[PDB]
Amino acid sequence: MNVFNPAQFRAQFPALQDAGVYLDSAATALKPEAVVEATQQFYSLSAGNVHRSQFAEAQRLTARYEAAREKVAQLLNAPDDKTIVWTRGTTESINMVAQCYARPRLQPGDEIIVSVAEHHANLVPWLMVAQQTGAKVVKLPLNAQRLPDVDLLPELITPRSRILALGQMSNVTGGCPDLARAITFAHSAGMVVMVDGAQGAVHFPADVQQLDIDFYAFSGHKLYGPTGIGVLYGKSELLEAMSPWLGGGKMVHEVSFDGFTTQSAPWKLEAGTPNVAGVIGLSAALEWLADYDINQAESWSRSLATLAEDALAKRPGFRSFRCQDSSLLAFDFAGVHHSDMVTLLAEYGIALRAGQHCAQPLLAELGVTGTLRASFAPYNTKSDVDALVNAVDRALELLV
């Protein structure tokens, strides 16, 4: 059977040696060779109809491209590959849902429930469309365990509620709310749910059929893939109901100076020349990833994060914001400037970050202006944990 082997997973990443102790995968992931090579091939070959010596390679690229939607569908257990739409990333995916589905449907007084744990990508677009339509954004607060309070959700739902915006997984706490329950509550009230899966797609890829998710968005660069590429999954009937997004070539069928008609989804929502390199590279990432049991890989990442948290908790002034033994470890050290720690740790070959992580409301809930964040991926090791802990010890001694 498939048994996850950390060492062989590591060997697939050319950037690793230089990266040192890389603990910022939650911001962006390192790429496996398959993605590098697929991208190199794409930019080193004509996309035209002639190939005088590299026809096999060109054919492979075309196959990766034509199979890209299906590989996303397989990741999400989507019913078919026409429910997959390409975008610049999670951010565009959500804006598209807000503008193409919600905006033409929202009326003055309608309500949009958004969790206080939402990354800005899944908050700002809703504030925008609320302003545009007279709808109101309603806050879904955290419970005592720092998760969006799904128990409280039924009380917050009213006859005016139309949309629920909820992150499958937080990029700060790594916390995953009761998504199945939340969706059941939302659907009880005839609402549609926008699920931000920028983190979740990497660690617990959502079964969109089982969870009956209406819309799901994630980004390639986080999923071991290219920048400038993302996904919007939508139920077929919802994609059909959506207005066109950007106007231009590809998405259109017929055009005159009187008006235009469009293709059906997904093409309706994809104007202009696609990010072909991005699609091919994401396809390569997914195909590569398919050889690994994501469940075992994630448990490995989570186990390292736990070793780290347990050890760091023995140091003075430690505070963890981590939920549910997540691969993501957001933390703080009292009486220490975050920028100083990040810098000291970088000098020790440890790559992580601090800051607001595009989640101001969440941080405000936690009583902080920022946090340090070490995030673990399946190419990390126990020696990485030791290195982090050791560097922190030195940092604490040096920053007095």
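All residue numbers refer to positions in the sequence shown, first residue = 1. By rigid core we mean the largest C-alpha set that fits within 1.5 Å across both forms.
**Student:** Determine, for 40-48 and 59-67, which one has C-alphas that on average lie farther from this form in 5 other deposited structures of this protein; superpose on the rigid core first.
**Tutor:** Evaluated in 5 other deposited structures of this protein, the stretch farther from the shown form is 40-48.
**Student:** Which stretch is less alike in 5 other deposited structures of this protein, 330-338 or 356-364, counting RMS CA distance after the rigid core is superposed?
**Tutor:** Stretch with the higher C-alpha RMS distance in 5 other deposited structures of this protein: 330-338.
**Student:** May I ask you to compare 35-43 and 328-336 by their mean CA B factor in the entry and name the higher one?
**Tutor:** Per the PDB record, 328-336.
**Student:** Look up the CA B-factors in the entry and say which stretch, 88-96 or 108-116, has the higher mean.
**Tutor:** The stretch with the larger mean CA B-factor is 108-116.
**Student:** In this PDB entry, which of 322, 82, 302, 314 has the top CA B-factor?
**Tutor:** Largest recorded C-alpha B-factor: 314.
**Student:** Pick out which of 29, 350, 68, 368 has the highest C-alpha B-factor in the PDB entry.
**Tutor:** Checking the PDB record, the top C-alpha B-factor among 29, 350, 68, 368 is at 368.
**Student:** Among the modelled residues of its chain, does the C-alpha B-factor of residue 240 lie in the lowest, middle or highest third?
**Tutor:** For residue 240, whose C-alpha B-factor we compare with every modelled residue in the chain, the answer is the middle third.
**Student:** Using the temperature factors of the C-alpha atoms in this entry, rank residue 177 within its chain: lowest, middle or highest third.
**Tutor:** Lowest third - that is where residue 177 ends up once the chain's C-alpha B-factors are sorted.
**Student:** Could you look up the Cα B-factor of residue 224 in the entry and say which third of the chain it sits in: lowest, middle or highest?
**Tutor:** For residue 224, whose C-alpha B-factor we compare with every modelled residue in the chain, the answer is the lowest third.
**Student:** Based on the entry's values, in what third of the chain does the Cα temperature factor of residue 12 lie: lowest, middle or highest?
**Tutor:** It belongs to the middle third of the chain when residues are ordered by C-alpha B-factor.
**Student:** Comparing against every modelled residue in the chain, figure out the third that the C-alpha B-factor of residue 294 lands in (lowest, middle or highest).
**Tutor:** For residue 294, the deposited C-alpha B-factor lands in the highest third.
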